[PDB]
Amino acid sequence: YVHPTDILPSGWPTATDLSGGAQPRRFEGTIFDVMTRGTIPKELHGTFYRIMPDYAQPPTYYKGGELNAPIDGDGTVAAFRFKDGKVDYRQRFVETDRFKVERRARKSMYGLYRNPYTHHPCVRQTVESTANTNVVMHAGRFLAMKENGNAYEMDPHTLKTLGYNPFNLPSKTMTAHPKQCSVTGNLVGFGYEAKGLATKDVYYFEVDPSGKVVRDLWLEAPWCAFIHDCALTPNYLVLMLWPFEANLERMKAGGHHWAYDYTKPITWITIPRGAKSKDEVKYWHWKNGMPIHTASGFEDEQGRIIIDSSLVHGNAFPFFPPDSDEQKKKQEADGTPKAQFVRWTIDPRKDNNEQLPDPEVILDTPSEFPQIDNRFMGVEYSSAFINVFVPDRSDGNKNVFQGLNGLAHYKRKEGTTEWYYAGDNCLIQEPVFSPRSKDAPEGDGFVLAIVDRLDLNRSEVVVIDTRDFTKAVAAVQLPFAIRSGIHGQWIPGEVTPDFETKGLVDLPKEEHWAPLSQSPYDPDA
């Protein structure tokens, strides 16, 4: 059966998200008192903010949009606010400069990811960021982030866009993966390509809880590398280099910003915290592969840097292939890489010119978007909450971003892993942790994540108590599906300005519109 209206032409290209999903969503608005199944824990007090790519206009500017990447689309923030067991929701697009241009124009004006040479001539010198990767609340300011620009600030209640680069960073970029130190409260981070397209410059920074840059350093990466994420320790920021290289002449020629390079080893840059000289920075190397996201890092008793990450044994973004015909054929040959969760040891007593030890396999299954208990950010941690391909219950052939159908709770100290399965014909997104109370043990609390009910065309938020990780306590049930997203964060009420007085939805007025005389009811009747 085919419905005659279904063969009518769309002017939309295939606009995928990371999951492989291709349905544009693009709504902006609210639901007060989201339908829930089961009981919402009264211990949740805060907001789960999630950010997705969801092109607002059909991205047809360059080559009819046929090369749009899953990481490209205009950032939209879904907020799910948990107060006294009620849950409200708000979604709104980040009003990036790019968004504004395209909405006002009713027209795509931007080309390839990170390639201004493929943007419309009138926009080439704009901030090209779609601000669609990650969010943070720092020094009372709520930020949407993408690594090709500074952050945009938004109002945390209305999600109205307030401004660009609120912390006034001197770099042209900020990572979407800054870390908030649990000891100092510093937003610790960096920005690479810090001086413009294909620059090797990195700028390291620490922003104190008052919003001031208290520490910074300019340095360079050994090549212009895709430095997506990092790990924070008490004495280091550690930058994680993926084996992609940027090339200006390739960009000028209308090619991709990045090209995977099998010959590049995974490389780490140790930046001593508050370093006085770029002389203090070291490069460490292993072998080729793609560690996507760190869980976190710390320094062990002997001062060794321990980091856990996912590890994909090859290219997890095949839409950015190698330059050479030779490496192109190797990517095709390799198909879907081996995918695991691994532990790295960067011992600063050793010569950084020596190849790193092979990382230890922690989980031998496809693993991604890890989070921790943030009360342990930048110090020793045990808990990780990992998005996973469930062992024996998942495809295997799927790209790492496209078959994530469970979660894992790993605890290094106990050496145990517990597992949550999203369901048949379901996918589950990145987990976030909220502690049971202020003083609860590490990883004691509630884990939330978005579930795609693929057979129902709707999305839901599952809530799981760490005392039984196998089972959902509650499910927040949207009446629709939202885009599969990138990162999200549990943001405590206590660090949110005016969380006690402002909901995601403004209440209507108390006063009745109508006079008493209009009531159909007469108490004397």
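The first residue of the shown sequence is 1; numbering continues from there.
Between 263 to 271 and 434 to 442, the higher mean Cα B-factor belongs to 434 to 442.
Stretches compared: 49 to 57, 489 to 497. Higher mean C-alpha B-factor in the entry: 489 to 497. If you compare the C-alpha temperature factors of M137, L217, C426, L197 in the entry, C426 comes out highest. The entry lists C-alpha B-factors for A246, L112, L363, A78, and the highest of these is at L363. The entry lists a Cα temperature factor for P391 that places it in the highest third of the chain's modelled residues.
Per the PDB record, residue ranking by Cα B-factor puts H313 in the middle third of the chain. In this PDB entry, the Cα temperature factor of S459 sits in the bottom third of its chain's modelled residues, the lowest group. Among the modelled residues of its chain, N288 has a C-alpha B-factor that falls in the middle third, as given in the PDB entry. Sort the modelled residues of the chain by CA B factor and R124 lands in the middle third.
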